[PDB]
């Protein structure tokens, strides 16, 4: 029941399930594998087991050639996320192929379309729409690159993107942030007055809090946002925990509507909150009192969402598949999948930040 034990169990199950050539979407550079591999590389640093490092490197090498060339969806913030695996790979090998690949992804920022205030469109196919998920897809990578190449322009970039998102999607009443915002107000889900989508979808908010929790330490010392983001995170975590499931300790697909019978407890979102809370506590951004909420979620997660198959495979169920911006009925109707990379990555990542607290609990 130690966090890392489950993390390795799930990691090995996924790796045994897919060769790096099969890791879905097969032979594509995408954030599905990106988040899972970020988890795998984090587990590597925590255990020192070379095969976690080698598996991640295998996927990178399948897509990045001898000259650092990489094929990717050029209009999506989503394409940048996997770039996060390039930093630990480069730091360990010093192979310039990874820095060259990272530069191709970093060069995308200047080619992307933006809203009138400068917020990146989530994709070319989603004109003038900012989705919370985008903060994680393009934020952390930008800061990691900023520190690697001493390009301060990227600090301002992330600060702007984050402020624009919070400004347009944060709900005063609940403290939760709406999934998406359409400056053009052309999408059917765009509120005629605010331009926001109608629901608080767990994972989207989860991507946001994990981002804040990880990006604070990347900012230069004394940076104005070290305090802005810490405070934003405290308020969001406070808001989020107000909706934790009293019985299971988990969170619902649609955060603020757990009473509805068509709603349900979703795994990846819960894990992302667990990660942000654990991370926040370890870095001193959140009151250590949150440890109980965290350990309660861990208990419910393992108890209600995990099991081992007759064959010995560790399974995490109720992970929502890739999802777009929409209405309530669309969100609750999303396919629930077992070991979907969205959830596997979130699960493993959460276990790596949880472990430390788990071992110092009571001290």
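Positions refer to the first chain, counted from 1.
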inquiry  = Please compare 48-56 with 23-31 and name the stretch with the higher mean C-alpha B-factor in the deposited structure.
reply    = 48-56
Selected stretch [higher average CA B-factor]: 233-241 or 76-84 = 233-241
inquiry  = Out of 246, 123, 203, 103, whose C-alpha atom has the biggest B factor in the entry?
reply    = 246
note = Highest CA B factor of 179, 173, 114, 144, as deposited, is found at 173
key: Third assignment of residue 156 from its chain's C-alpha B-factors   = lowest
ask   = Hey, what third does residue 207 fall into on Cα B-factor, ranked over its chain?
value = lowest
request  = Divide the modelled residues of the chain into thirds by Cα B-factor and specify which third, lowest, middle or highest, holds residue 264.
outcome  = lowest
message = What third of the chain does residue 224 rank in for C-alpha temperature factor, lowest, middle or highest?
response = middle
request  = Sorting the chain's modelled residues by C-alpha B-factor, tell me whether residue 194 ends up in the lowest, middle or highest third.
outcome  = highest
